[PDB]
$ cat coords_26.cif   # mmCIF, C-alpha atoms and all ligand atoms
data_upload
loop_
_atom_site.label_atom_id
_atom_site.label_comp_id
_atom_site.auth_asym_id
_atom_site.auth_seq_id
_atom_site.Cartn_x
_atom_site.Cartn_y
_atom_site.Cartn_z
CA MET Y 1 -7.93 -11.16 3.29
CA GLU Y 2 -5.58 -9.44 5.77
CA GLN Y 3 -5.58 -5.83 7.03
CA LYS Y 4 -1.98 -4.58 7.04
CA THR Y 5 -0.86 -0.99 6.53
CA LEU Y 6 2.31 0.42 5.02
CA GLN Y 7 3.27 3.04 7.61
CA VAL Y 8 4.44 6.34 6.10
CA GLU Y 9 8.11 6.69 5.10
CA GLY Y 10 8.54 10.43 4.55
CA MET Y 11 6.67 11.56 1.41
CA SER Y 12 3.36 13.47 1.50
CA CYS Y 13 2.53 13.51 -2.21
CA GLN Y 14 -0.81 11.72 -2.60
CA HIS Y 15 -0.31 12.06 -6.40
CA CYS Y 16 2.75 9.81 -6.42
CA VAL Y 17 1.22 7.01 -4.29
CA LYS Y 18 -2.15 7.04 -6.09
CA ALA Y 19 -0.31 6.54 -9.42
CA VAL Y 20 0.65 3.09 -8.14
CA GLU Y 21 -2.55 2.58 -6.03
CA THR Y 22 -4.53 2.39 -9.28
CA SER Y 23 -2.13 -0.25 -10.71
CA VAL Y 24 -2.15 -2.24 -7.43
CA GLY Y 25 -5.96 -2.23 -7.75
CA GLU Y 26 -5.43 -4.72 -10.61
CA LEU Y 27 -4.29 -7.42 -8.15
CA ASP Y 28 -7.55 -9.41 -7.59
CA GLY Y 29 -6.28 -10.25 -4.07
CA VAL Y 30 -6.36 -6.61 -2.85
CA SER Y 31 -9.63 -6.29 -0.94
CA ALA Y 32 -9.24 -2.53 -0.42
CA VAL Y 33 -6.69 0.28 -0.48
CA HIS Y 34 -7.10 3.37 1.79
CA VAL Y 35 -4.10 5.56 0.94
CA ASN Y 36 -3.77 8.12 3.76
CA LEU Y 37 -0.01 8.85 3.97
CA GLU Y 38 -0.73 12.45 5.06
CA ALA Y 39 -3.41 11.49 7.56
CA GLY Y 40 -1.42 8.54 8.98
CA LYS Y 41 -0.45 5.81 6.50
CA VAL Y 42 -1.83 3.71 3.64
CA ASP Y 43 -4.16 1.09 5.21
CA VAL Y 44 -4.52 -1.80 2.75
CA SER Y 45 -6.58 -5.01 2.90
CA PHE Y 46 -4.15 -7.21 1.04
CA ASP Y 47 -5.13 -10.81 0.38
CA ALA Y 48 -2.24 -12.65 2.05
CA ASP Y 49 -3.86 -15.87 0.64
CA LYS Y 50 -3.46 -14.64 -2.98
CA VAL Y 51 -0.72 -11.98 -3.02
CA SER Y 52 1.73 -10.72 -0.37
CA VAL Y 53 2.29 -7.11 0.69
CA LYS Y 54 5.82 -7.61 -0.73
CA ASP Y 55 4.19 -7.12 -4.18
CA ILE Y 56 2.21 -3.91 -3.41
CA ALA Y 57 4.80 -2.68 -0.91
CA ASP Y 58 7.53 -2.91 -3.58
CA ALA Y 59 5.03 -1.47 -6.09
CA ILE Y 60 4.42 1.77 -4.11
CA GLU Y 61 8.18 1.96 -3.42
CA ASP Y 62 8.76 2.15 -7.25
CA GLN Y 63 6.89 5.45 -7.93
CA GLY Y 64 4.71 6.08 -4.83
CA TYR Y 65 7.12 6.62 -1.88
CA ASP Y 66 5.45 6.10 1.55
CA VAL Y 67 6.15 2.43 2.33
CA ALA Y 68 8.24 2.55 5.51
CA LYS Y 69 7.15 -0.97 6.44
CA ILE Y 70 4.04 -3.11 6.88
CA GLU Y 71 2.52 -3.22 10.42
CA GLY Y 72 -0.97 -4.76 11.04
CA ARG Y 73 -0.27 -8.41 11.97
CU CU T 101 4.44 13.34 -6.43
#
$ encode --input "coords_26.cif" --output "structure tokens" --more "lines below"
Ligand SMILES: [Cu+]
Amino acid sequence: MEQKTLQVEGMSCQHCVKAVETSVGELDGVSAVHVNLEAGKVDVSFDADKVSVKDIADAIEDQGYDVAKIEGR
């Protein structure tokens, strides 16, 4: 798996993001999800070989709000 992070957009409501975090946890690919928008950003160990950040990224956009952009690599 990869180790990208969706750097924080503007929100600081952990309750929003986690609502989607739980759903994203369904994607087998996702190795780990460390939502820390307040502390820095959401650091996520997406499986680029199974599912792309695009998925999760869009997902947290929907009802999470935090996804400025992916960094990592
Ligand atoms: Cu919220």
$ residues_near_ligand --input "coords_26.cif" --ligand "ligand CU 101 (chain T)" --cutoff "12 Å" --atoms "all atoms listed in the file" --output "list in words"
residues 11, 12, 13, 14, 15, 16, 17, 18, 19, 20, 60, 63, 64, 65 and 66 of chain Y
$ closest_residue --input "coords_26.cif" --among "Y:71, Y:9, Y:2, Y:62" --to "residue 31 (chain Y)" --atoms "only C-alpha atoms"
Y:2
$ residues_near_point --input "coords_26.cif" --point "(3.5, -3.1, -6.0)" --cutoff "12 Å" --atoms "only C-alpha atoms" --output "PyMOL selection string"
chain Y and resi 6+17-27+30+44+46+51-65+67
$ residues_near_point --input "coords_26.cif" --point "(-2.3, 10.1, 4.9)" --cutoff "10 Å" --atoms "only C-alpha atoms" --output "VMD selection string"
chain Y and resid 7 to 8 11 to 14 34 to 43 66
$ closest_residue --input "coords_26.cif" --among "Y:50, Y:29, Y:68, Y:73" --to "residue 3 (chain Y)" --atoms "all atoms listed in the file"
Y:73
$ axis_aligned_box --input "coords_26.cif" --around "region 38-52 of chain Y" --padding-each-side "8 Å" --output "AutoDock Vina command-line options"
--center_x -2.4 --center_y -1.7 --center_z 3.0 --size_x 24.3 --size_y 44.3 --size_z 28.0
$ build_atoms --input "coords_26.cif" --residues "region 43-64 of chain Y" --atoms "N, CA, C and O atoms" --output "compact mmCIF listing (two decimals), in the coordinates of the input"
# COMPACT_ATOMS: atom_id res chain seq x y z
N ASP Y 43 -3.57 2.27 4.59
CA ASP Y 43 -4.16 1.09 5.21
C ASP Y 43 -4.73 0.23 4.09
O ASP Y 43 -5.57 0.71 3.33
N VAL Y 44 -4.24 -1.00 3.92
CA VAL Y 44 -4.52 -1.80 2.75
C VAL Y 44 -4.93 -3.22 3.17
O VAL Y 44 -4.34 -3.84 4.05
N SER Y 45 -5.96 -3.75 2.52
CA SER Y 45 -6.58 -5.01 2.90
C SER Y 45 -6.13 -6.05 1.89
O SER Y 45 -6.89 -6.53 1.06
N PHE Y 46 -4.83 -6.32 1.94
CA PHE Y 46 -4.15 -7.21 1.04
C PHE Y 46 -4.64 -8.63 1.29
O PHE Y 46 -4.75 -9.05 2.44
N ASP Y 47 -4.86 -9.39 0.23
CA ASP Y 47 -5.13 -10.81 0.38
C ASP Y 47 -3.84 -11.61 0.51
O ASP Y 47 -3.34 -12.13 -0.48
N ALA Y 48 -3.37 -11.78 1.74
CA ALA Y 48 -2.24 -12.65 2.05
C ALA Y 48 -2.40 -14.08 1.49
O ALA Y 48 -1.39 -14.77 1.37
N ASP Y 49 -3.61 -14.52 1.15
CA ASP Y 49 -3.86 -15.87 0.64
C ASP Y 49 -3.64 -15.92 -0.88
O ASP Y 49 -3.53 -17.01 -1.45
N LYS Y 50 -3.57 -14.76 -1.54
CA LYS Y 50 -3.46 -14.64 -2.98
C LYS Y 50 -2.14 -13.96 -3.33
O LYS Y 50 -1.38 -14.48 -4.15
N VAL Y 51 -1.88 -12.79 -2.74
CA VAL Y 51 -0.72 -11.98 -3.02
C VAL Y 51 -0.20 -11.31 -1.74
O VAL Y 51 -0.98 -10.83 -0.92
N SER Y 52 1.12 -11.26 -1.57
CA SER Y 52 1.73 -10.72 -0.37
C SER Y 52 2.03 -9.25 -0.57
O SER Y 52 2.47 -8.86 -1.65
N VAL Y 53 1.89 -8.47 0.50
CA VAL Y 53 2.29 -7.11 0.69
C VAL Y 53 3.57 -6.83 -0.06
O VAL Y 53 3.60 -5.86 -0.78
N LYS Y 54 4.59 -7.69 0.05
CA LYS Y 54 5.82 -7.61 -0.73
C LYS Y 54 5.58 -7.04 -2.14
O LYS Y 54 6.25 -6.08 -2.51
N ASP Y 55 4.61 -7.59 -2.87
CA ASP Y 55 4.19 -7.12 -4.18
C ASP Y 55 3.86 -5.62 -4.14
O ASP Y 55 4.62 -4.78 -4.62
N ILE Y 56 2.74 -5.26 -3.50
CA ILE Y 56 2.21 -3.91 -3.41
C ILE Y 56 3.21 -2.94 -2.78
O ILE Y 56 3.43 -1.84 -3.25
N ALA Y 57 3.75 -3.35 -1.64
CA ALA Y 57 4.80 -2.68 -0.91
C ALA Y 57 5.91 -2.23 -1.86
O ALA Y 57 6.18 -1.04 -1.99
N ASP Y 58 6.52 -3.19 -2.57
CA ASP Y 58 7.53 -2.91 -3.58
C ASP Y 58 6.96 -1.96 -4.64
O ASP Y 58 7.58 -0.96 -5.02
N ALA Y 59 5.72 -2.24 -5.07
CA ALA Y 59 5.03 -1.47 -6.09
C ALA Y 59 4.98 0.02 -5.72
O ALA Y 59 5.35 0.87 -6.53
N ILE Y 60 4.50 0.38 -4.53
CA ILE Y 60 4.42 1.77 -4.11
C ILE Y 60 5.83 2.34 -3.91
O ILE Y 60 6.04 3.52 -4.13
N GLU Y 61 6.79 1.52 -3.47
CA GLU Y 61 8.18 1.96 -3.42
C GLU Y 61 8.59 2.54 -4.79
O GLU Y 61 9.00 3.70 -4.86
N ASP Y 62 8.39 1.78 -5.87
CA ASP Y 62 8.76 2.15 -7.25
C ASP Y 62 8.51 3.63 -7.59
O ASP Y 62 9.46 4.36 -7.86
N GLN Y 63 7.25 4.07 -7.59
CA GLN Y 63 6.89 5.45 -7.93
C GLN Y 63 5.79 6.03 -7.04
O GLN Y 63 5.02 6.88 -7.49
N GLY Y 64 5.70 5.61 -5.78
CA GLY Y 64 4.71 6.08 -4.83
C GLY Y 64 5.37 6.79 -3.65
O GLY Y 64 5.02 7.94 -3.38
